[PDB]
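J.: Provided herewith: model32.pdb, PDB, C-alpha atoms (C1' of nucleotides).
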```pdb
ATOM      1  CA  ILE B   1     -29.396  -1.798  35.171
ATOM      2  CA  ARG B   2     -26.627  -3.469  33.166
ATOM      3  CA  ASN B   3     -23.993  -2.679  30.548
ATOM      4  CA  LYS B   4     -24.777  -3.774  26.988
ATOM      5  CA  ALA B   5     -23.132  -2.713  23.746
ATOM      6  CA  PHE B   6     -24.936  -1.420  20.649
ATOM      7  CA  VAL B   7     -22.422  -2.277  17.943
ATOM      8  CA  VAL B   8     -23.176  -0.022  14.985
ATOM      9  CA  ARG B   9     -21.043   0.201  11.852
ATOM     10  CA  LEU B  10     -19.454   3.619  11.475
ATOM     11  CA  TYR B  11     -19.197   5.064   7.964
ATOM     12  CA  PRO B  12     -16.606   7.784   8.605
ATOM     13  CA  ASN B  13     -15.672  10.267   5.905
ATOM     14  CA  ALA B  14     -12.090  11.011   4.832
ATOM     15  CA  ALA B  15     -11.386  13.308   7.786
ATOM     16  CA  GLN B  16     -13.074  10.979  10.273
ATOM     17  CA  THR B  17     -11.206   7.944   8.906
ATOM     18  CA  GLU B  18      -7.901   9.809   9.157
ATOM     19  CA  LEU B  19      -8.703  10.869  12.719
ATOM     20  CA  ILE B  20      -9.728   7.353  13.784
ATOM     21  CA  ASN B  21      -6.525   5.905  12.311
ATOM     22  CA  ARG B  22      -4.432   8.596  14.007
ATOM     23  CA  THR B  23      -6.221   7.960  17.302
ATOM     24  CA  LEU B  24      -5.613   4.205  17.134
ATOM     25  CA  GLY B  25      -1.963   4.844  16.296
ATOM     26  CA  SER B  26      -1.565   7.286  19.184
ATOM     27  CA  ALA B  27      -3.265   4.924  21.637
ATOM     28  CA  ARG B  28      -0.864   2.167  20.584
ATOM     29  CA  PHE B  29       2.046   4.610  20.834
ATOM     30  CA  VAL B  30       1.223   5.623  24.395
ATOM     31  CA  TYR B  31       0.661   1.963  25.306
ATOM     32  CA  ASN B  32       4.134   1.030  24.040
ATOM     33  CA  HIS B  33       5.784   4.139  25.491
ATOM     34  CA  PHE B  34       4.394   3.622  28.969
ATOM     35  CA  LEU B  35       4.995  -0.122  28.904
ATOM     36  CA  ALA B  36       8.642   0.780  28.303
ATOM     37  CA  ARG B  37       8.526   3.470  31.003
ATOM     38  CA  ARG B  38       6.877   1.053  33.457
ATOM     39  CA  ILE B  39       9.363  -1.767  32.881
ATOM     40  CA  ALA B  40      12.272   0.687  33.079
ATOM     41  CA  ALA B  41      10.952   1.946  36.423
ATOM     42  CA  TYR B  42      11.311  -1.516  37.965
ATOM     43  CA  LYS B  43      14.910  -1.756  36.750
ATOM     44  CA  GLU B  44      15.787   1.649  38.221
ATOM     45  CA  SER B  45      13.965   1.240  41.547
ATOM     46  CA  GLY B  46      11.962  -1.407  43.356
ATOM     47  CA  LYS B  47       8.591   0.281  42.811
ATOM     48  CA  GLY B  48       7.058   0.826  39.383
ATOM     49  CA  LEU B  49       4.607   3.426  38.153
ATOM     50  CA  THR B  50       0.907   3.528  38.973
ATOM     51  CA  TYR B  51      -1.911   4.768  36.764
ATOM     52  CA  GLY B  52      -1.789   8.224  38.349
ATOM     53  CA  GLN B  53       1.923   8.671  37.669
ATOM     54  CA  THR B  54       1.570   7.347  34.121
ATOM     55  CA  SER B  55      -1.367   9.720  33.586
ATOM     56  CA  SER B  56       0.666  12.704  34.797
ATOM     57  CA  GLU B  57       3.533  11.630  32.542
ATOM     58  CA  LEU B  58       1.018  11.334  29.686
ATOM     59  CA  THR B  59      -0.071  14.899  30.439
ATOM     60  CA  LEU B  60       3.580  15.927  30.164
ATOM     61  CA  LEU B  61       3.857  14.032  26.862
ATOM     62  CA  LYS B  62       0.799  15.828  25.483
ATOM     63  CA  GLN B  63       2.460  19.046  26.683
ATOM     64  CA  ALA B  64       5.787  18.000  25.126
ATOM     65  CA  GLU B  65       7.215  19.219  21.812
ATOM     66  CA  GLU B  66       8.397  16.087  19.987
ATOM     67  CA  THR B  67       5.167  14.225  20.854
ATOM     68  CA  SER B  68       2.755  17.158  20.590
ATOM     69  CA  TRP B  69       0.462  15.248  18.212
ATOM     70  CA  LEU B  70      -0.990  13.326  21.174
ATOM     71  CA  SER B  71      -3.062  16.425  22.004
ATOM     72  CA  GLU B  72      -5.005  16.322  18.724
ATOM     73  CA  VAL B  73      -6.101  12.773  19.566
ATOM     74  CA  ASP B  74      -9.088  12.379  21.876
ATOM     75  CA  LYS B  75      -8.001  12.540  25.512
ATOM     76  CA  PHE B  76     -10.166   9.577  26.522
ATOM     77  CA  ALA B  77      -8.444   7.393  23.923
ATOM     78  CA  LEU B  78      -4.993   7.942  25.437
ATOM     79  CA  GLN B  79      -6.205   7.709  29.028
ATOM     80  CA  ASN B  80      -8.025   4.466  28.232
ATOM     81  CA  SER B  81      -4.877   3.131  26.567
ATOM     82  CA  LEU B  82      -3.097   3.837  29.851
ATOM     83  CA  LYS B  83      -5.941   2.145  31.728
ATOM     84  CA  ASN B  84      -5.565  -0.840  29.381
ATOM     85  CA  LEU B  85      -1.883  -0.984  30.318
ATOM     86  CA  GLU B  86      -2.902  -0.789  33.974
ATOM     87  CA  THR B  87      -5.298  -3.709  33.461
ATOM     88  CA  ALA B  88      -2.543  -5.663  31.704
ATOM     89  CA  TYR B  89      -0.353  -5.207  34.771
ATOM     90  CA  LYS B  90      -3.223  -5.900  37.183
ATOM     91  CA  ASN B  91      -3.985  -9.242  35.529
ATOM     92  CA  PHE B  92      -0.304 -10.195  35.731
ATOM     93  CA  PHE B  93      -0.107  -9.129  39.385
ATOM     94  CA  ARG B  94      -3.253 -11.126  40.192
ATOM     95  CA  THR B  95      -1.413 -14.418  39.532
ATOM     96  CA  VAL B  96       2.260 -13.667  40.228
ATOM     97  CA  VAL B  97      -1.243 -14.737  33.174
ATOM     98  CA  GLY B  98       1.505 -13.662  30.808
ATOM     99  CA  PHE B  99       3.465 -10.464  31.179
ATOM    100  CA  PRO B 100       2.320  -7.443  29.144
ATOM    101  CA  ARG B 101       3.876  -7.279  25.689
ATOM    102  CA  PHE B 102       4.512  -4.541  23.153
ATOM    103  CA  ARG B 103       2.065  -3.825  20.341
ATOM    104  CA  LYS B 104       2.772  -4.091  16.623
ATOM    105  CA  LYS B 105       0.401  -2.347  14.228
ATOM    106  CA  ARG B 106      -2.600  -4.691  14.226
ATOM    107  CA  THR B 107      -5.951  -4.667  12.420
ATOM    108  CA  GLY B 108      -8.544  -5.263  15.144
ATOM    109  CA  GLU B 109      -7.457  -2.297  17.271
ATOM    110  CA  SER B 110     -10.045  -0.175  19.079
ATOM    111  CA  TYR B 111      -9.854   3.066  21.056
ATOM    112  CA  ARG B 112     -12.458   3.934  23.679
ATOM    113  CA  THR B 113     -13.927   7.331  24.542
ATOM    114  CA  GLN B 114     -16.097   8.068  27.571
ATOM    115  CA  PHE B 115     -19.375   9.949  27.910
ATOM    116  CA  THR B 116     -19.364  13.067  30.065
ATOM    117  CA  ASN B 117     -21.235  16.383  29.846
ATOM    118  CA  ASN B 118     -23.297  15.366  26.789
ATOM    119  CA  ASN B 119     -20.350  13.872  24.915
ATOM    120  CA  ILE B 120     -22.052  10.976  23.088
ATOM    121  CA  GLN B 121     -25.434  11.510  21.405
ATOM    122  CA  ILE B 122     -27.055   8.683  19.454
ATOM    123  CA  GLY B 123     -29.106   9.903  16.510
ATOM    124  CA  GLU B 124     -31.357   8.377  13.864
ATOM    125  CA  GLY B 125     -28.605   7.568  11.366
ATOM    126  CA  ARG B 126     -25.720   9.400  13.026
ATOM    127  CA  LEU B 127     -23.611   9.205  16.178
ATOM    128  CA  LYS B 128     -22.111  12.130  18.102
ATOM    129  CA  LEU B 129     -18.522  11.144  18.829
ATOM    130  CA  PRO B 130     -16.329  13.598  20.759
ATOM    131  CA  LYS B 131     -13.383  14.329  18.477
ATOM    132  CA  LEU B 132     -15.133  13.170  15.279
ATOM    133  CA  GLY B 133     -18.478  14.979  15.413
ATOM    134  CA  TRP B 134     -21.365  13.232  13.658
ATOM    135  CA  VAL B 135     -20.449   9.867  12.118
ATOM    136  CA  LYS B 136     -22.815   8.283   9.614
ATOM    137  CA  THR B 137     -23.790   4.868  10.976
ATOM    138  CA  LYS B 138     -25.905   2.050   9.583
ATOM    139  CA  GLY B 139     -27.690  -0.488  11.737
ATOM    140  CA  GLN B 140     -27.990   1.932  14.658
ATOM    141  CA  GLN B 141     -29.965  -0.001  17.265
ATOM    142  CA  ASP B 142     -32.542   1.742  19.427
ATOM    143  CA  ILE B 143     -31.200   3.438  22.556
ATOM    144  CA  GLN B 144     -31.933   1.475  25.726
ATOM    145  CA  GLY B 145     -29.560   2.662  28.474
ATOM    146  CA  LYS B 146     -27.355   5.445  29.788
ATOM    147  CA  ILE B 147     -24.318   6.007  27.574
ATOM    148  CA  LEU B 148     -20.908   5.341  29.117
ATOM    149  CA  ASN B 149     -18.373   4.813  26.321
ATOM    150  CA  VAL B 150     -18.039   4.187  22.590
ATOM    151  CA  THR B 151     -15.220   1.839  21.537
ATOM    152  CA  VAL B 152     -14.399   2.963  18.003
ATOM    153  CA  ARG B 153     -12.994  -0.188  16.404
ATOM    154  CA  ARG B 154     -11.299  -1.048  13.117
ATOM    155  CA  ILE B 155     -11.969  -4.500  11.668
ATOM    156  CA  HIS B 156     -10.597  -4.224   8.125
ATOM    157  CA  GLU B 157      -9.125  -1.612   5.784
ATOM    158  CA  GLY B 158     -12.529   0.067   5.520
ATOM    159  CA  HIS B 159     -14.785  -1.677   8.048
ATOM    160  CA  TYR B 160     -15.038   0.403  11.215
ATOM    161  CA  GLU B 161     -17.530  -0.099  14.021
ATOM    162  CA  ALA B 162     -18.458   1.393  17.382
ATOM    163  CA  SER B 163     -19.378  -0.668  20.439
ATOM    164  CA  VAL B 164     -21.517   2.038  22.019
ATOM    165  CA  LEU B 165     -22.067   1.115  25.656
ATOM    166  CA  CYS B 166     -25.129   1.770  27.790
TER
ATOM    167  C1'   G N   1     -34.700 -19.338 -23.720
ATOM    168  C1'   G N   2     -34.041 -21.793 -18.398
ATOM    169  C1'   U N   3     -30.961 -22.935 -14.416
ATOM    170  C1'   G N   4     -26.697 -22.286 -10.164
ATOM    171  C1'   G N   5     -23.436 -20.011  -7.484
ATOM    172  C1'   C N   6     -18.262 -16.835  -7.210
ATOM    173  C1'   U N   7     -17.070 -11.293  -6.058
ATOM    174  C1'   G N   8     -18.963  -5.654  -4.483
ATOM    175  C1'   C N   9     -22.585  -2.494  -1.686
ATOM    176  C1'   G N  10     -27.148  -3.020   0.518
ATOM    177  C1'   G N  11     -24.573  -3.069   9.390
ATOM    178  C1'   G N  12     -24.533  -9.208  10.212
ATOM    179  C1'   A N  13     -26.903 -14.036   8.293
ATOM    180  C1'   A N  14     -30.175 -16.070   4.562
ATOM    181  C1'   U N  15     -32.971 -14.648   0.691
ATOM    182  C1'   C N  16     -33.636 -10.778  -2.755
ATOM    183  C1'   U N  17     -32.582  -6.117  -6.316
ATOM    184  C1'   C N  18     -28.713  -4.194  -8.927
ATOM    185  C1'   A N  19     -23.807  -4.495 -10.502
ATOM    186  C1'   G N  20     -18.494  -7.329 -12.175
ATOM    187  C1'   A N  21     -17.732 -11.989 -14.534
ATOM    188  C1'   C N  22     -19.691 -16.476 -15.704
ATOM    189  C1'   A N  23     -21.121 -21.269 -16.417
ATOM    190  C1'   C N  24     -24.142 -25.346 -17.048
ATOM    191  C1'   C N  25     -28.155 -26.263 -19.952
ATOM    192  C1'   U N  26     -32.905 -29.668 -17.695
ATOM    193  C1'   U N  27     -28.391 -30.625 -13.358
ATOM    194  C1'   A N  28     -26.999 -28.091  -9.231
ATOM    195  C1'   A N  29     -22.009 -28.736  -9.018
ATOM    196  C1'   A N  30     -17.828 -25.526  -9.946
ATOM    197  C1'   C N  31     -15.282 -20.791 -10.711
ATOM    198  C1'   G N  32     -14.514 -14.209  -9.148
ATOM    199  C1'   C N  33     -13.283 -10.466 -12.667
ATOM    200  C1'   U N  34      -9.872  -6.283 -15.182
ATOM    201  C1'   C N  35      -5.148  -4.398 -15.521
ATOM    202  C1'   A N  36       0.290  -3.988 -14.792
ATOM    203  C1'   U N  37       4.144  -6.924 -13.113
ATOM    204  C1'   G N  38       5.810 -11.596 -12.199
ATOM    205  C1'   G N  39       7.859 -16.188 -16.490
ATOM    206  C1'   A N  40       7.049 -21.763 -14.554
ATOM    207  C1'   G N  41       4.251 -24.024 -10.862
ATOM    208  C1'   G N  42      -0.471 -24.180  -8.101
ATOM    209  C1'   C N  43      -4.806 -27.771  -7.279
ATOM    210  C1'   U N  44      -6.600 -33.225  -6.444
ATOM    211  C1'   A N  45      -6.265 -39.446  -5.567
ATOM    212  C1'   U N  46       3.511 -43.168  -5.760
ATOM    213  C1'   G N  47       0.255 -41.140  -9.449
ATOM    214  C1'   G N  48      -3.946 -37.189 -12.387
ATOM    215  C1'   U N  49      -6.281 -31.892 -13.538
ATOM    216  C1'   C N  50      -5.569 -25.691 -15.283
ATOM    217  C1'   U N  51      -1.152 -23.588 -16.633
ATOM    218  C1'   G N  52       5.497 -22.150 -20.479
ATOM    219  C1'   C N  53       0.228 -21.014 -26.159
ATOM    220  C1'   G N  54       1.014 -16.966 -19.421
ATOM    221  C1'   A N  55       1.460 -20.816 -12.669
ATOM    222  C1'   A N  56       2.227 -19.343  -7.593
ATOM    223  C1'   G N  57       3.170 -14.414  -5.490
ATOM    224  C1'   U N  58       2.947  -8.573  -5.231
ATOM    225  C1'   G N  59      -0.688  -4.909  -4.781
ATOM    226  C1'   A N  60      -4.136  -1.541  -7.192
ATOM    227  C1'   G N  61      -8.690  -0.416  -9.477
ATOM    228  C1'   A N  62     -14.053  -1.421 -10.899
ATOM    229  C1'   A N  63     -18.146  -4.020  -9.164
ATOM    230  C1'   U N  64     -26.426  -0.268  -5.893
ATOM    231  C1'   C N  65     -29.650   4.048  -6.867
ATOM    232  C1'   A N  66     -31.024   9.472  -6.610
ATOM    233  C1'   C N  67     -29.545  14.471  -6.551
ATOM    234  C1'   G N  68     -25.705  18.797  -6.199
ATOM    235  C1'   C N  69     -20.817  20.555  -7.720
ATOM    236  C1'   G N  70     -16.264  20.661 -10.541
ATOM    237  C1'   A N  71     -13.153  19.156 -14.751
ATOM    238  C1'   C N  72     -12.625  17.094 -20.097
ATOM    239  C1'   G N  73     -21.448  12.022 -23.331
ATOM    240  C1'   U N  74     -16.422  10.380 -19.560
ATOM    241  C1'   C N  75     -13.745  11.188 -14.654
ATOM    242  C1'   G N  76     -13.597  12.927  -9.418
ATOM    243  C1'   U N  77     -16.205  14.620  -5.133
ATOM    244  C1'   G N  78     -20.293  15.725  -1.450
ATOM    245  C1'   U N  79     -24.965  14.408   0.639
ATOM    246  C1'   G N  80     -28.997  11.221   0.878
ATOM    247  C1'   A N  81     -31.656   6.379   0.281
ATOM    248  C1'   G N  82     -31.346   0.973  -0.061
ATOM    249  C1'   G N  83     -36.828  -3.969   0.747
ATOM    250  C1'   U N  84     -38.346  -8.301   3.099
ATOM    251  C1'   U N  85     -37.327 -12.423   7.563
ATOM    252  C1'   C N  86     -34.270 -13.575  12.011
ATOM    253  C1'   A N  87     -30.869 -11.958  15.524
ATOM    254  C1'   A N  88     -27.500  -8.957  18.018
ATOM    255  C1'   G N  89     -22.812  -7.573  24.938
ATOM    256  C1'   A N  90     -19.274  -5.852  23.920
ATOM    257  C1'   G N  91     -14.279  -4.134  25.705
ATOM    258  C1'   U N  92      -9.505  -5.271  27.921
ATOM    259  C1'   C N  93      -5.548  -8.504  28.991
ATOM    260  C1'   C N  94      -2.960 -12.898  28.521
ATOM    261  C1'   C N  95      -2.718 -17.536  26.532
ATOM    262  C1'   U N  96      -3.365 -21.563  22.877
ATOM    263  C1'   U N  97      -6.234 -23.182  18.407
ATOM    264  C1'   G N  98      -6.328 -23.671  13.425
ATOM    265  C1'   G N  99      -4.523 -22.487   8.574
ATOM    266  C1'   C N 100      -0.308 -21.038   5.550
ATOM    267  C1'   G N 101       4.808 -20.542   4.370
ATOM    268  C1'   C N 102       9.793 -21.914   5.363
TER
ATOM    269  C1'  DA E   1     -23.392  31.981  27.910
ATOM    270  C1'  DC E   2     -22.917  27.502  24.423
ATOM    271  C1'  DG E   3     -20.805  23.778  23.145
ATOM    272  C1'  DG E   4     -17.329  20.790  23.587
ATOM    273  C1'  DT E   5     -12.647  19.162  25.681
ATOM    274  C1'  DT E   6      -8.977  18.093  29.153
ATOM    275  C1'  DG E   7      -6.371  16.945  33.437
ATOM    276  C1'  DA E   8      -6.857  14.863  37.783
ATOM    277  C1'  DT E   9      -8.635  10.946  40.420
ATOM    278  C1'  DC E  10      -6.895   5.097  42.518
ATOM    279  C1'  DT E  11      -2.643   1.936  47.487
ATOM    280  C1'  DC E  12      -0.110  -2.187  45.962
ATOM    281  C1'  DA E  13       2.272  -5.421  42.998
ATOM    282  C1'  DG E  14       7.163  -9.185  39.238
TER
ATOM    283  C1'  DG V   1       9.663 -26.550  14.946
ATOM    284  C1'  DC V   2       9.246 -21.547  14.090
ATOM    285  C1'  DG V   3       7.500 -16.885  11.597
ATOM    286  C1'  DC V   4       2.875 -14.768   9.642
ATOM    287  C1'  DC V   5      -2.550 -14.449   9.327
ATOM    288  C1'  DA V   6      -6.750 -15.022  11.769
ATOM    289  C1'  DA V   7      -9.830 -16.929  15.541
ATOM    290  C1'  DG V   8     -11.209 -19.139  20.177
ATOM    291  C1'  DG V   9     -10.974 -19.333  25.519
ATOM    292  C1'  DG V  10     -10.925 -17.607  30.289
ATOM    293  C1'  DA V  11     -11.123 -13.676  33.864
ATOM    294  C1'  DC V  12     -12.457  -9.125  34.786
ATOM    295  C1'  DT V  13     -14.367  -4.762  34.215
ATOM    296  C1'  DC V  14     -17.682  -1.681  31.863
ATOM    297  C1'  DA V  15     -16.008   6.659  34.485
ATOM    298  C1'  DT V  16     -16.839  11.848  36.736
ATOM    299  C1'  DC V  17     -16.242  16.691  37.479
ATOM    300  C1'  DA V  18     -14.384  21.089  38.031
ATOM    301  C1'  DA V  19     -12.111  23.771  35.126
ATOM    302  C1'  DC V  20     -10.718  25.433  30.532
ATOM    303  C1'  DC V  21     -10.869  27.072  25.266
ATOM    304  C1'  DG V  22     -12.888  29.108  21.065
ATOM    305  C1'  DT V  23     -17.476  30.919  19.338
TER
END
```
What would the structure in this file look like if it were written as structure tokens?

T.:
Amino acid sequence: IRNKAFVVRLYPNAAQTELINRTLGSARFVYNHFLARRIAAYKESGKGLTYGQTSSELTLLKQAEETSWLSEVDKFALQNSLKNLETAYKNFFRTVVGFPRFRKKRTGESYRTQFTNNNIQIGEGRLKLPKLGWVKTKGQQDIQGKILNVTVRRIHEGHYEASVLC
RNA sequence: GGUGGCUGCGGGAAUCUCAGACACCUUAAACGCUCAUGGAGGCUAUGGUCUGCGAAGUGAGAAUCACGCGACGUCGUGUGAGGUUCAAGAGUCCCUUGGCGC
DNA sequence: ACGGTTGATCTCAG
DNA sequence: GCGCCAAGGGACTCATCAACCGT
């Protein structure tokens, strides 16, 4: 009936921590890369890129050779980074808010993955995340809605979370 | 012998158990600790307190219990568990709000 | 087949 | 005043499916 978030605290292992860090880095990388490619499009021609064109170019990047490591990262993370860039532009175009800006390596950075075809399963003391598998979570609230996305977030050097949506 | 909180986990908060230190001692304030480096300033009301007998700043490590495994009773790793009471909607973007340093 | 994963889908705009 | 660290504020939105890849 409505979207509400069940913020649990992920306790990822070594592999899961490495994968979450890599995924956040790759989401930031595609955000920066396509911000550059979307500003450069306006300089070259009057019309800039849309989300479809940036998504196709992201597919090419994941199929590239120098940036092949984007394929190991969860696909939803990169596509939601591109959708975040699209929202950054849409807010700017709604008024004439500030223009989108590049992204330096932050702390409170989160990547979002979507539920499809039994992708996200909430357990007793575990969570079924797509590229991670089962993550040990504490404070897992009782399921109440239909899963849509899980925004794997980093708060501190070792304090991850997950804003599981319903 | 009693008392209080600082730091770590116990999802959060407060208690509370344990742990890393303490400190006061009939009163509830204050403070993390260890190590290496750093080698002379941080912190309060023009002036006082800790500190040249180790300041500010770098970072790191340790900081709950049970079991399994490995290495030399000690270290690492893996899994599991962590009470009570309350509560829990988050994500994205941009901006400005405070603190600090210069 | 089972389980999970990916690319396409959405038009603009400074 | 201008860098960093963090937070706070306001507006807006919060995926789905056919196809594919290794077991």

J.: Could you list the residues in chain V lying within 10 Å of chain B, using all atoms listed in the file, and format the result as a list in words?

T.: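 So the contacting residues turn out to be residues 11, 12, 13, 14, 15, 16 and 17 of chain V.
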
J.: Using only C-alpha atoms (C1' of nucleotides) for the distances, tell me which of N:11, N:101, N:47, N:20 is nearest to chain B.

T.: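 When distances to chain B are compared using only C-alpha atoms (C1' of nucleotides), the smallest one comes from N:11.
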
J.: I'd like to see the residues matched by the PyMOL selection byres ((chain E) within 9 of (chain B)) on this file, and ideally I'd get them as a VMD selection string.

T.: chain E and resid 4 to 10 13 to 14

J.: Mind telling me what the PyMOL selection byres ((chain B) within 12 of (chain N)) catches here, as a ChimeraX atom specification?

T.: /B:2-11,13-14,80-95,97-101,109-113,125,136-142,149-153,159-166

J.: Show me, as a PyMOL selection string, the residues that have an atom within 12 Å of residue V:7 when counting all atoms listed in the file, minus same-chain residues fewer than 6 positions from it.

T.: (chain B and resi 108) or (chain N and resi 96-99)

J.: Taking all listed atoms of stretch 83-102 of chain B, build the axis-aligned box, pad each of the six sides by 6 Å, then write its centre and edge lengths in Å to one decimal as lines of an AutoDock Vina configuration file.

T.:
```
center_x = -0.7
center_y = -6.3
center_z = 31.7
size_x = 22.5
size_y = 28.9
size_z = 29.1
```

J.: Would you work out the distance separating atom CA of residue B:26 from atom CA of residue B:134, expressed in Å to one decimal?

T.: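 Taking atom CA of residue B:26 and atom CA of residue B:134, their separation equals 21.4 Å.
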
J.: Could you jot down the atom CA of residue B:147 to atom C1' of residue V:19 separation for me, Å, one decimal place?

T.: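 Between atom CA of residue B:147 and atom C1' of residue V:19 the gap works out to 22.8 Å.
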
J.: Take the PyMOL selection byres ((chain N and resi 68) around 12), apply it to the structure above, and return the hits as a PyMOL selection string.

T.: chain N and resi 66-67+69-70+77-80

J.: When you draw a straight line from atom CA of residue B:57 to atom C1' of residue V:21, how long is it in Å?

T.: 22.3 Å

J.: Need the shell around residue B:70: protein/DNA/RNA residues with any atom at most 8 Å away, counting all atoms listed in the file. Skip same-chain ones fewer than 3 positions apart. Format as a list in words?

T.: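 Near neighbours after the sequence-gap exclusion: residues 26, 61, 62, 67, 73 and 78 of chain B.
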
J.: Would you please work out which residue, of N:75, N:31, N:18, N:25, is nearest to residue N:6 when using only C-alpha atoms (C1' of nucleotides)?

T.: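 Using only C-alpha atoms (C1' of nucleotides), the shortest distance to residue N:6 belongs to N:31.
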
J.: Using all atoms listed in the file, find all polymer residues with an atom at most 12 Å away from the point (-22.8, 37.9, 26.3); report them as an MDAnalysis selection string.

T.: (chainID E and resid 1:2) or (chainID V and resid 23)

J.: Which neighbours of residue N:64 fall inside 8 Å, counting all atoms listed in the file, when residues of the same chain fewer than 4 positions from it are skipped, and could you give them as a ChimeraX atom specification?

T.: /N:9-10,18-19,82

J.: Could you please take those selected residues and save C-alpha atoms (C1' of nucleotides) as a PDB file, keeping the file's coordinate frame?

T.:
```pdb
ATOM      1  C1'   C N   9     -22.585  -2.494  -1.686  1.00  0.00           C
ATOM      2  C1'   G N  10     -27.148  -3.020   0.518  1.00  0.00           C
ATOM      3  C1'   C N  18     -28.713  -4.194  -8.927  1.00  0.00           C
ATOM      4  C1'   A N  19     -23.807  -4.495 -10.502  1.00  0.00           C
ATOM      5  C1'   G N  82     -31.346   0.973  -0.061  1.00  0.00           C
TER       6        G N  82
END
```
